[PDB]
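Engineer: could you work out the structure for the sequence below:
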Amino acid sequence: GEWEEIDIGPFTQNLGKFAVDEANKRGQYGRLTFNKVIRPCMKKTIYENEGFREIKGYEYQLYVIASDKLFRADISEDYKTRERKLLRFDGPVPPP
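Structural biologist: Numbers count the residues shown, from 1 in each chain. The relevant structure is shown in the block below.
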């Protein structure tokens, strides 16, 4: 089980804000207005495959409501620099 459901608290809500912010720069859905992240928020941890198998970072799967539409966002997050990248942002997706 590489995936782990995490809370949808302020940190996760801000992850959804990052997703909508990046989705707006992408422009695939035009200007979106972040509303909230809903359950479930899944986090997968990515490890070094060599040595002490340290954590490279994380990838999240978020269901983000933006402009009254439900989107599925996938975000990578580096472990050391916390720099985040929007991997995928698809919608409208069915309610999870």
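Engineer: name the helices or strands packed onto the lengthiest strand in the chain?
Structural biologist: Identified as the longest strand of the chain according to DSSP state E is strand 34-47. In this structure, strand 34-47 makes packing contacts with strand 3-6, helix 10-26, strand 55-66, judged by 3 or more CB pairs under 8 Å, 6 or more residues apart in numbering; DSSP states H and E. The C-beta positions use only the backbone N, C-alpha and C, and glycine is treated the same way.
Engineer: could I get those in CSV, plus columns for mean neighbour count and distance to residue 37?
Structural biologist: Listed next are these as CSV, based on neighbours: other CB atoms under 10 Å; distance: least, CB to CB, whole Å:
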stretch, mean neighbour count, distance to residue 37
strand 3-6, 13, 10
helix 10-26, 18, 4
strand 55-66, 21, 5
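Engineer: of all the ones you listed, which one is nearest residue 74?
Structural biologist: Distance to residue 74, taken as CB to CB, is lowest for strand 55-66 among those, at 5.4 Å.
Engineer: re earlier: residues making contact with the longest strand of the chain?
Structural biologist: If you take CB atoms under 8 Å, 6 or more residues apart in numbering as the criterion, strand 34-47 is touched by 2-8, 12-13, 15-17, 19-21, 53-68, 70, 96.
Engineer: give the pairing partners of that strand; include direction for each.
Structural biologist: Using DSSP bridges, the strands paired with strand 34-47 are strand 3-6 (antiparallel), strand 55-66 (antiparallel).
Engineer: give me the distance between the longest one and the centre of its chain.
Structural biologist: Its chain's C-alpha centre lies 2 Å from the corresponding centre of strand 55-66 when counted by CA atoms, centre = their mean, to the nearest Å.
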